[PDB]
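Student: File name final_38.txt; file contents compact mmCIF, N, CA and C atoms (P, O5', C5', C4', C3', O3' and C1' of nucleotides); full text below.
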```
# COMPACT_ATOMS: atom_id res chain seq x y z
N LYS R 231 -12.76 1.39 20.88
CA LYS R 231 -12.33 2.86 20.91
C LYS R 231 -11.19 3.09 21.91
N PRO R 232 -9.90 2.99 21.50
CA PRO R 232 -8.77 3.14 22.42
C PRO R 232 -8.85 4.36 23.36
N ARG R 233 -8.78 4.14 24.66
CA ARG R 233 -8.60 5.19 25.68
C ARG R 233 -7.22 4.99 26.30
N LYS R 234 -6.67 6.06 26.84
CA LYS R 234 -5.47 6.05 27.71
C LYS R 234 -5.70 5.15 28.94
N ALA R 235 -4.64 4.48 29.39
CA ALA R 235 -4.61 3.74 30.67
C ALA R 235 -4.89 4.73 31.79
N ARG R 236 -5.65 4.29 32.78
CA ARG R 236 -5.95 5.07 33.97
C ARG R 236 -4.67 5.20 34.80
N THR R 237 -4.17 6.40 35.00
CA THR R 237 -3.01 6.70 35.85
C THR R 237 -3.35 6.34 37.30
N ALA R 238 -2.47 5.57 37.94
CA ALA R 238 -2.49 5.30 39.38
C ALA R 238 -1.47 6.28 39.96
N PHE R 239 -1.91 7.41 40.51
CA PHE R 239 -0.97 8.36 41.14
C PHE R 239 -0.27 7.72 42.35
N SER R 240 1.02 7.96 42.54
CA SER R 240 1.66 7.62 43.85
C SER R 240 1.05 8.42 45.00
N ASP R 241 1.26 7.99 46.23
CA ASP R 241 0.88 8.74 47.45
C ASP R 241 1.58 10.10 47.41
N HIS R 242 2.84 10.12 46.99
CA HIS R 242 3.66 11.34 46.87
C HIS R 242 2.99 12.28 45.89
N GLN R 243 2.58 11.79 44.70
CA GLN R 243 1.97 12.67 43.67
C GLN R 243 0.65 13.24 44.21
N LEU R 244 -0.21 12.38 44.78
CA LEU R 244 -1.49 12.79 45.38
C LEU R 244 -1.27 13.79 46.51
N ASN R 245 -0.31 13.58 47.37
CA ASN R 245 -0.05 14.55 48.48
C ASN R 245 0.30 15.92 47.88
N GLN R 246 1.17 15.96 46.88
CA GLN R 246 1.68 17.22 46.29
C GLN R 246 0.58 17.87 45.45
N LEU R 247 -0.26 17.09 44.80
CA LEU R 247 -1.37 17.67 44.05
C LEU R 247 -2.32 18.34 45.03
N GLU R 248 -2.63 17.66 46.11
CA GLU R 248 -3.59 18.19 47.10
C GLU R 248 -2.98 19.45 47.76
N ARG R 249 -1.66 19.46 48.02
CA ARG R 249 -1.03 20.66 48.62
C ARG R 249 -1.22 21.83 47.64
N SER R 250 -0.98 21.57 46.36
CA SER R 250 -1.14 22.60 45.31
C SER R 250 -2.59 23.12 45.35
N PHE R 251 -3.56 22.23 45.42
CA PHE R 251 -4.99 22.62 45.42
C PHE R 251 -5.34 23.44 46.66
N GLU R 252 -4.75 23.14 47.82
CA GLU R 252 -5.04 23.95 49.03
C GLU R 252 -4.41 25.34 48.88
N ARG R 253 -3.35 25.52 48.08
CA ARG R 253 -2.76 26.85 47.82
C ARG R 253 -3.51 27.59 46.70
N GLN R 254 -3.94 26.91 45.65
CA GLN R 254 -4.62 27.57 44.50
C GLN R 254 -5.61 26.62 43.83
N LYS R 255 -6.83 27.14 43.64
CA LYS R 255 -7.96 26.45 42.97
C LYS R 255 -7.67 26.25 41.47
N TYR R 256 -6.90 27.17 40.87
CA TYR R 256 -6.55 27.13 39.43
C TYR R 256 -5.04 27.31 39.29
N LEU R 257 -4.47 26.73 38.25
CA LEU R 257 -3.04 26.95 37.92
C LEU R 257 -2.96 27.72 36.60
N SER R 258 -2.04 28.64 36.50
CA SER R 258 -1.56 29.23 35.24
C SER R 258 -0.94 28.10 34.41
N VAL R 259 -0.74 28.34 33.13
CA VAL R 259 -0.03 27.38 32.25
C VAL R 259 1.36 27.13 32.86
N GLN R 260 2.05 28.17 33.32
CA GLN R 260 3.41 28.02 33.89
C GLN R 260 3.35 27.18 35.16
N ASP R 261 2.42 27.43 36.06
CA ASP R 261 2.31 26.66 37.33
C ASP R 261 2.00 25.19 37.01
N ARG R 262 1.15 24.93 36.01
CA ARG R 262 0.79 23.56 35.59
C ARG R 262 2.06 22.86 35.10
N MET R 263 2.85 23.51 34.25
CA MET R 263 4.06 22.89 33.67
C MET R 263 5.10 22.64 34.78
N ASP R 264 5.27 23.58 35.72
CA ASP R 264 6.21 23.42 36.86
C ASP R 264 5.77 22.22 37.71
N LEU R 265 4.47 22.07 37.93
CA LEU R 265 3.95 20.99 38.81
C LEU R 265 4.09 19.64 38.12
N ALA R 266 3.76 19.57 36.82
CA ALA R 266 3.90 18.33 36.04
C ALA R 266 5.37 17.89 36.07
N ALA R 267 6.31 18.80 35.83
CA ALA R 267 7.75 18.49 35.80
C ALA R 267 8.16 17.99 37.19
N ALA R 268 7.77 18.69 38.25
CA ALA R 268 8.19 18.34 39.62
C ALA R 268 7.63 16.95 39.98
N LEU R 269 6.48 16.56 39.47
CA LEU R 269 5.82 15.29 39.90
C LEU R 269 6.03 14.16 38.88
N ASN R 270 6.83 14.41 37.85
CA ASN R 270 7.04 13.48 36.72
C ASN R 270 5.70 13.04 36.12
N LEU R 271 4.79 13.97 35.94
CA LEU R 271 3.49 13.77 35.29
C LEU R 271 3.46 14.59 34.00
N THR R 272 2.49 14.34 33.15
CA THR R 272 2.28 15.16 31.92
C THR R 272 1.47 16.39 32.30
N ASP R 273 1.60 17.43 31.50
CA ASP R 273 0.73 18.63 31.57
C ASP R 273 -0.74 18.23 31.58
N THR R 274 -1.16 17.29 30.72
CA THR R 274 -2.62 16.97 30.69
C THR R 274 -2.98 16.19 31.95
N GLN R 275 -2.12 15.36 32.53
CA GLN R 275 -2.48 14.63 33.78
C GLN R 275 -2.77 15.66 34.86
N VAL R 276 -1.93 16.68 34.99
CA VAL R 276 -2.11 17.70 36.05
C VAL R 276 -3.37 18.51 35.75
N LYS R 277 -3.55 18.91 34.49
CA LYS R 277 -4.73 19.72 34.14
C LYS R 277 -5.97 18.94 34.54
N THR R 278 -6.05 17.68 34.12
CA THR R 278 -7.24 16.85 34.32
C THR R 278 -7.43 16.64 35.83
N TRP R 279 -6.35 16.38 36.57
CA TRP R 279 -6.47 16.16 38.03
C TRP R 279 -7.09 17.42 38.67
N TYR R 280 -6.61 18.59 38.29
CA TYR R 280 -7.15 19.87 38.81
C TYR R 280 -8.61 20.05 38.43
N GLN R 281 -8.98 19.70 37.20
CA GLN R 281 -10.40 19.81 36.79
C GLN R 281 -11.26 18.90 37.67
N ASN R 282 -10.87 17.63 37.79
CA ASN R 282 -11.65 16.63 38.54
C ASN R 282 -11.62 17.05 40.02
N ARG R 283 -10.53 17.65 40.49
CA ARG R 283 -10.46 18.09 41.91
C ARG R 283 -11.48 19.22 42.11
N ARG R 284 -11.62 20.15 41.15
CA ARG R 284 -12.58 21.27 41.31
C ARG R 284 -14.00 20.70 41.30
N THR R 285 -14.28 19.70 40.46
CA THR R 285 -15.63 19.05 40.44
C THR R 285 -15.96 18.52 41.85
N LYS R 286 -15.02 17.82 42.47
CA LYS R 286 -15.22 17.21 43.82
C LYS R 286 -15.39 18.33 44.86
N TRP R 287 -14.56 19.35 44.77
CA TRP R 287 -14.65 20.55 45.66
C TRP R 287 -16.07 21.14 45.60
N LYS R 288 -16.57 21.33 44.40
CA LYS R 288 -17.90 21.92 44.15
C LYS R 288 -18.98 21.06 44.78
N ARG R 289 -18.90 19.74 44.63
CA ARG R 289 -19.93 18.80 45.16
C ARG R 289 -19.98 18.83 46.68
N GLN R 290 -18.81 18.81 47.31
CA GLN R 290 -18.62 18.67 48.77
C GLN R 290 -18.90 19.98 49.49
N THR R 291 -18.73 21.13 48.82
CA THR R 291 -18.87 22.49 49.44
C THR R 291 -20.19 23.14 49.00
N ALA R 292 -20.53 23.05 47.71
CA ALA R 292 -21.82 23.51 47.13
C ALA R 292 -22.89 22.45 47.44
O5' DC L 1 -24.64 -1.46 44.73
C5' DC L 1 -23.58 -0.81 44.03
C4' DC L 1 -22.74 -0.07 45.04
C3' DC L 1 -22.68 1.44 44.80
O3' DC L 1 -22.53 2.06 46.07
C1' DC L 1 -20.54 0.47 44.47
P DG L 2 -22.45 3.66 46.12
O5' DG L 2 -20.89 3.93 46.23
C5' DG L 2 -20.19 3.65 47.47
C4' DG L 2 -18.79 4.20 47.34
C3' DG L 2 -18.77 5.70 47.06
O3' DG L 2 -17.68 6.21 47.83
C1' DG L 2 -17.69 4.55 45.30
P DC L 3 -17.43 7.79 47.95
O5' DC L 3 -16.14 7.88 47.03
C5' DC L 3 -14.97 7.20 47.48
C4' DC L 3 -13.91 7.31 46.42
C3' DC L 3 -13.63 8.71 45.90
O3' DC L 3 -12.24 8.83 45.94
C1' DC L 3 -13.95 7.22 44.11
P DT L 4 -11.64 10.28 45.62
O5' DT L 4 -11.29 10.13 44.07
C5' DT L 4 -10.31 9.14 43.71
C4' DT L 4 -10.21 9.10 42.20
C3' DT L 4 -10.01 10.45 41.52
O3' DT L 4 -9.30 10.34 40.34
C1' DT L 4 -11.82 9.39 40.58
P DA L 5 -7.91 11.06 40.20
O5' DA L 5 -7.41 10.53 38.78
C5' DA L 5 -7.05 9.08 38.66
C4' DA L 5 -7.19 8.73 37.20
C3' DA L 5 -6.73 9.79 36.22
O3' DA L 5 -6.18 9.12 35.08
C1' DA L 5 -9.05 9.38 35.89
P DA L 6 -5.70 9.85 33.73
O5' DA L 6 -6.98 9.73 32.80
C5' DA L 6 -7.24 8.46 32.18
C4' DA L 6 -8.38 8.62 31.22
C3' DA L 6 -8.14 9.61 30.08
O3' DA L 6 -8.57 8.92 28.93
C1' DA L 6 -10.17 10.13 31.19
P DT L 7 -8.46 9.64 27.50
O5' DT L 7 -9.99 10.09 27.34
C5' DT L 7 -10.97 9.05 27.21
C4' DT L 7 -12.29 9.63 26.80
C3' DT L 7 -12.25 10.59 25.58
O3' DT L 7 -13.24 10.09 24.69
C1' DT L 7 -13.40 11.60 27.38
P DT L 8 -13.37 10.79 23.26
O5' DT L 8 -14.60 11.76 23.49
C5' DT L 8 -15.83 11.19 23.96
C4' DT L 8 -16.83 12.31 24.07
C3' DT L 8 -16.87 13.30 22.89
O3' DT L 8 -18.22 13.32 22.44
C1' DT L 8 -16.72 14.49 24.94
P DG L 9 -18.45 14.04 21.02
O5' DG L 9 -18.99 15.48 21.45
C5' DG L 9 -20.15 15.56 22.33
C4' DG L 9 -20.31 16.99 22.76
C3' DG L 9 -20.13 18.04 21.65
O3' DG L 9 -21.04 19.05 21.97
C1' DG L 9 -18.66 18.49 23.37
P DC L 10 -21.80 19.79 20.76
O5' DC L 10 -21.87 21.23 21.47
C5' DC L 10 -22.72 21.34 22.65
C4' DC L 10 -22.10 22.30 23.63
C3' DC L 10 -21.81 23.71 23.12
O3' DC L 10 -22.84 24.64 23.41
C1' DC L 10 -20.15 22.87 24.64
P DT L 11 -22.63 26.19 23.00
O5' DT L 11 -21.91 26.72 24.33
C5' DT L 11 -22.60 26.68 25.61
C4' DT L 11 -21.72 27.39 26.61
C3' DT L 11 -21.61 28.88 26.34
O3' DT L 11 -21.64 29.63 27.56
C1' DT L 11 -19.45 27.93 26.31
P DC L 12 -22.14 31.15 27.46
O5' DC L 12 -20.71 31.88 27.40
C5' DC L 12 -19.82 31.63 28.52
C4' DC L 12 -18.44 32.13 28.15
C3' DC L 12 -18.36 33.37 27.27
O3' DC L 12 -18.36 34.58 28.03
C1' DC L 12 -16.67 31.73 26.77
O5' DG I 1 -4.30 26.71 22.82
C5' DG I 1 -4.03 27.67 23.86
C4' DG I 1 -5.13 27.52 24.87
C3' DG I 1 -5.33 26.14 25.48
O3' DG I 1 -5.42 26.41 26.86
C1' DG I 1 -7.38 26.95 24.73
P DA I 2 -4.81 25.37 27.92
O5' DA I 2 -5.49 26.00 29.23
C5' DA I 2 -5.87 27.42 29.35
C4' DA I 2 -7.12 27.52 30.19
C3' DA I 2 -7.36 26.31 31.10
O3' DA I 2 -7.78 26.72 32.39
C1' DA I 2 -9.22 26.66 29.62
P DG I 3 -8.03 25.56 33.50
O5' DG I 3 -9.63 25.73 33.59
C5' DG I 3 -10.18 27.13 33.67
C4' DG I 3 -11.69 27.09 33.46
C3' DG I 3 -12.44 26.10 34.37
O3' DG I 3 -13.58 26.71 35.01
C1' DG I 3 -13.02 25.71 32.09
P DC I 4 -14.14 25.85 36.25
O5' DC I 4 -15.36 25.06 35.54
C5' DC I 4 -16.41 25.86 34.95
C4' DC I 4 -17.39 24.91 34.30
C3' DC I 4 -17.90 23.76 35.17
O3' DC I 4 -19.30 23.85 35.14
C1' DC I 4 -17.17 22.97 33.06
P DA I 5 -19.92 22.97 36.33
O5' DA I 5 -20.89 22.06 35.47
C5' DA I 5 -21.82 22.61 34.53
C4' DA I 5 -22.27 21.48 33.63
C3' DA I 5 -22.83 20.26 34.35
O3' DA I 5 -24.00 19.85 33.63
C1' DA I 5 -21.01 19.60 32.98
P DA I 6 -24.92 18.73 34.31
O5' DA I 6 -24.49 17.50 33.39
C5' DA I 6 -24.75 17.60 31.98
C4' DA I 6 -24.15 16.42 31.26
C3' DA I 6 -24.52 15.05 31.85
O3' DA I 6 -24.98 14.23 30.77
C1' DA I 6 -22.18 15.20 31.61
P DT I 7 -25.59 12.78 31.10
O5' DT I 7 -24.29 11.85 30.89
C5' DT I 7 -23.63 12.03 29.65
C4' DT I 7 -22.29 11.33 29.67
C3' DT I 7 -22.32 9.87 30.06
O3' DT I 7 -22.13 9.10 28.86
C1' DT I 7 -20.38 10.96 30.88
P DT I 8 -22.45 7.51 29.03
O5' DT I 8 -20.96 6.94 29.21
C5' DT I 8 -20.07 7.24 28.13
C4' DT I 8 -18.71 6.72 28.49
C3' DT I 8 -18.69 5.25 28.93
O3' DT I 8 -17.63 4.66 28.18
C1' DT I 8 -17.56 6.60 30.51
P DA I 9 -17.47 3.06 28.32
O5' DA I 9 -16.35 2.97 29.45
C5' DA I 9 -15.06 3.53 29.20
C4' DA I 9 -14.26 3.35 30.48
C3' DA I 9 -14.25 1.94 31.07
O3' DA I 9 -12.92 1.74 31.50
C1' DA I 9 -14.90 3.48 32.70
P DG I 10 -12.36 0.22 31.50
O5' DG I 10 -11.33 0.32 32.72
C5' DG I 10 -10.23 1.24 32.58
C4' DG I 10 -9.48 1.35 33.88
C3' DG I 10 -9.14 0.01 34.55
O3' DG I 10 -7.91 0.26 35.14
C1' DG I 10 -10.63 1.23 35.94
P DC I 11 -7.09 -1.01 35.78
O5' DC I 11 -7.54 -0.88 37.31
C5' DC I 11 -6.95 0.14 38.13
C4' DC I 11 -7.59 0.05 39.48
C3' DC I 11 -7.53 -1.31 40.16
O3' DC I 11 -7.29 -1.06 41.49
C1' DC I 11 -9.71 -0.51 40.26
P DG I 12 -6.05 -1.77 42.24
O5' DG I 12 -6.52 -1.45 43.74
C5' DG I 12 -7.12 -0.20 44.08
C4' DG I 12 -8.09 -0.38 45.22
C3' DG I 12 -7.90 -1.57 46.13
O3' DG I 12 -8.18 -1.12 47.45
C1' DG I 12 -10.08 -1.62 45.29
```
The structure in this file should be written as structure tokens.

Tutor:
Amino acid sequence: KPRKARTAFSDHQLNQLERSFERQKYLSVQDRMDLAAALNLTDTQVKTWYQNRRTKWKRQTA
DNA sequence: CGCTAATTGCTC
DNA sequence: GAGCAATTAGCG
């Protein structure tokens, strides 16, 4: 059952994703597209990173 | 094993 | 169509 290769984010991409998460828990479609373009990532990579980041946030705080 | 990226299937 | 919970799975 073919799956996508696991993305290895750069330190730069991870730093900028985390900065985005400290500013906003959720992104609008426009904020997601601006962030994907700025980080040379796909819209779905950013969406999924934000979803998995909220899961971790919930576990560590809840 | 632990961290976390990707997948699935459901709610809303 | 975005979120979320449960899950699968890559890599250090």

Student: What are the residues of chain R lining chain L at 6.5 Å or less? Count only N, CA and C atoms (P, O5', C5', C4', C3', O3' and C1' of nucleotides), and put the answer as JSON, numbers by chain.

Tutor: {"R": [232, 233, 234, 235, 236, 237, 238, 239, 275, 279]}

Student: Please provide as a count of residues only all residues within 10 Å of residue 257 of chain R, with the sequence filter that same-chain residues fewer than 5 positions apart are discarded (counting only C-alpha atoms (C1' of nucleotides)).

Tutor: 9

Student: Up to 8 Å from chain R, what residues of chain I turn up? Count only N, CA and C atoms (P, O5', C5', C4', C3', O3' and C1' of nucleotides) and give them as a compact mmCIF listing (two decimals) with N, CA and C atoms (P, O5', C5', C4', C3', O3' and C1' of nucleotides), in the frame of the given file.

Tutor:
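Below is the file iface-v9.txt, written as the result:
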```
# COMPACT_ATOMS: atom_id res chain seq x y z
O5' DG I 1 -4.30 26.71 22.82
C5' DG I 1 -4.03 27.67 23.86
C4' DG I 1 -5.13 27.52 24.87
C3' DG I 1 -5.33 26.14 25.48
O3' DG I 1 -5.42 26.41 26.86
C1' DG I 1 -7.38 26.95 24.73
P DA I 2 -4.81 25.37 27.92
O5' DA I 2 -5.49 26.00 29.23
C5' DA I 2 -5.87 27.42 29.35
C4' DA I 2 -7.12 27.52 30.19
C3' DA I 2 -7.36 26.31 31.10
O3' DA I 2 -7.78 26.72 32.39
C1' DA I 2 -9.22 26.66 29.62
P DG I 3 -8.03 25.56 33.50
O5' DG I 3 -9.63 25.73 33.59
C5' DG I 3 -10.18 27.13 33.67
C4' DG I 3 -11.69 27.09 33.46
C3' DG I 3 -12.44 26.10 34.37
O3' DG I 3 -13.58 26.71 35.01
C1' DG I 3 -13.02 25.71 32.09
P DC I 4 -14.14 25.85 36.25
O5' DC I 4 -15.36 25.06 35.54
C5' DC I 4 -16.41 25.86 34.95
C4' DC I 4 -17.39 24.91 34.30
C3' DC I 4 -17.90 23.76 35.17
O3' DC I 4 -19.30 23.85 35.14
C1' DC I 4 -17.17 22.97 33.06
P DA I 5 -19.92 22.97 36.33
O5' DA I 5 -20.89 22.06 35.47
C5' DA I 5 -21.82 22.61 34.53
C4' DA I 5 -22.27 21.48 33.63
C3' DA I 5 -22.83 20.26 34.35
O3' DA I 5 -24.00 19.85 33.63
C1' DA I 5 -21.01 19.60 32.98
P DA I 9 -17.47 3.06 28.32
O5' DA I 9 -16.35 2.97 29.45
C5' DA I 9 -15.06 3.53 29.20
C4' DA I 9 -14.26 3.35 30.48
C3' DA I 9 -14.25 1.94 31.07
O3' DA I 9 -12.92 1.74 31.50
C1' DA I 9 -14.90 3.48 32.70
P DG I 10 -12.36 0.22 31.50
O5' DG I 10 -11.33 0.32 32.72
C5' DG I 10 -10.23 1.24 32.58
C4' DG I 10 -9.48 1.35 33.88
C3' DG I 10 -9.14 0.01 34.55
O3' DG I 10 -7.91 0.26 35.14
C1' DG I 10 -10.63 1.23 35.94
P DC I 11 -7.09 -1.01 35.78
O5' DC I 11 -7.54 -0.88 37.31
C5' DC I 11 -6.95 0.14 38.13
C4' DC I 11 -7.59 0.05 39.48
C3' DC I 11 -7.53 -1.31 40.16
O3' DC I 11 -7.29 -1.06 41.49
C1' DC I 11 -9.71 -0.51 40.26
```

Student: Going by DSSP on the backbone, which bits of chain R are helix (DSSP H, G or I)? Write them as a ChimeraX atom specification, please.

Tutor: /R:241-253,259-269,273-291

Student: In Å, how far is it from atom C1' of residue 12 of chain I to atom CA of residue 292 of chain R?

Tutor: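 According to the coordinates, atom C1' of residue 12 of chain I and atom CA of residue 292 of chain R are separated by 27.8 Å.
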
Student: As an exercise, work out the distance from atom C4' of residue 6 of chain I to atom N of residue 274 of chain R in Å and give it to one decimal place.

Tutor: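 Atom-to-atom, atom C4' of residue 6 of chain I and atom N of residue 274 of chain R are spaced 23.0 Å apart.
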
Student: Give, as JSON, the centre coordinates and the x, y and z edge lengths in Å to one decimal for an axis-aligned box around all listed atoms of segment 244-253 of chain R, padded by 4 Å on each side.

Tutor:
```
{"center_x": -1.8, "center_y": 20.0, "center_z": 46.5, "size_x": 15.0, "size_y": 23.2, "size_z": 13.0}
```

Student: Atom CA of residue 249 of chain R and atom CA of residue 272 of chain R are how many Å apart?

Tutor: 17.9 Å

Student: My structure is short of atoms at segment 264-277 of chain R; please model N, CA, C and O atoms there, returning them as a JSON list (two decimals), in the frame of the given file.

Tutor:
```
[["chain", "number", "residue", "atom", "x", "y", "z"],
["R", 264, "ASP", "N", 5.27, 23.58, 35.72],
["R", 264, "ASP", "CA", 6.21, 23.42, 36.86],
["R", 264, "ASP", "C", 5.77, 22.22, 37.71],
["R", 264, "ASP", "O", 6.63, 21.42, 38.10],
["R", 265, "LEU", "N", 4.47, 22.07, 37.93],
["R", 265, "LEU", "CA", 3.95, 20.99, 38.81],
["R", 265, "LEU", "C", 4.09, 19.64, 38.12],
["R", 265, "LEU", "O", 4.57, 18.68, 38.78],
["R", 266, "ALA", "N", 3.76, 19.57, 36.82],
["R", 266, "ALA", "CA", 3.90, 18.33, 36.04],
["R", 266, "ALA", "C", 5.37, 17.89, 36.07],
["R", 266, "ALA", "O", 5.63, 16.71, 36.35],
["R", 267, "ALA", "N", 6.31, 18.80, 35.83],
["R", 267, "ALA", "CA", 7.75, 18.49, 35.80],
["R", 267, "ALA", "C", 8.16, 17.99, 37.19],
["R", 267, "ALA", "O", 8.84, 16.95, 37.26],
["R", 268, "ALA", "N", 7.77, 18.69, 38.25],
["R", 268, "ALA", "CA", 8.19, 18.34, 39.62],
["R", 268, "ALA", "C", 7.63, 16.95, 39.98],
["R", 268, "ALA", "O", 8.28, 16.27, 40.73],
["R", 269, "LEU", "N", 6.48, 16.56, 39.47],
["R", 269, "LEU", "CA", 5.82, 15.29, 39.90],
["R", 269, "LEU", "C", 6.03, 14.16, 38.88],
["R", 269, "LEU", "O", 5.42, 13.08, 39.08],
["R", 270, "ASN", "N", 6.83, 14.41, 37.85],
["R", 270, "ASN", "CA", 7.04, 13.48, 36.72],
["R", 270, "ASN", "C", 5.70, 13.04, 36.12],
["R", 270, "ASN", "O", 5.50, 11.85, 35.91],
["R", 271, "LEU", "N", 4.79, 13.97, 35.94],
["R", 271, "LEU", "CA", 3.49, 13.77, 35.29],
["R", 271, "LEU", "C", 3.46, 14.59, 34.00],
["R", 271, "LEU", "O", 4.31, 15.44, 33.83],
["R", 272, "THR", "N", 2.49, 14.34, 33.15],
["R", 272, "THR", "CA", 2.28, 15.16, 31.92],
["R", 272, "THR", "C", 1.47, 16.39, 32.30],
["R", 272, "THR", "O", 0.71, 16.36, 33.28],
["R", 273, "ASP", "N", 1.60, 17.43, 31.50],
["R", 273, "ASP", "CA", 0.73, 18.63, 31.57],
["R", 273, "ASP", "C", -0.74, 18.23, 31.58],
["R", 273, "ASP", "O", -1.47, 18.71, 32.46],
["R", 274, "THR", "N", -1.16, 17.29, 30.72],
["R", 274, "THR", "CA", -2.62, 16.97, 30.69],
["R", 274, "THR", "C", -2.98, 16.19, 31.95],
["R", 274, "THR", "O", -4.07, 16.44, 32.42],
["R", 275, "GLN", "N", -2.12, 15.36, 32.53],
["R", 275, "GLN", "CA", -2.48, 14.63, 33.78],
["R", 275, "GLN", "C", -2.77, 15.66, 34.86],
["R", 275, "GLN", "O", -3.79, 15.52, 35.54],
["R", 276, "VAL", "N", -1.93, 16.68, 34.99],
["R", 276, "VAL", "CA", -2.11, 17.70, 36.05],
["R", 276, "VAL", "C", -3.37, 18.51, 35.75],
["R", 276, "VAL", "O", -4.18, 18.71, 36.68],
["R", 277, "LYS", "N", -3.55, 18.91, 34.49],
["R", 277, "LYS", "CA", -4.73, 19.72, 34.14],
["R", 277, "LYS", "C", -5.97, 18.94, 34.54],
["R", 277, "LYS", "O", -6.88, 19.52, 35.14]]
```
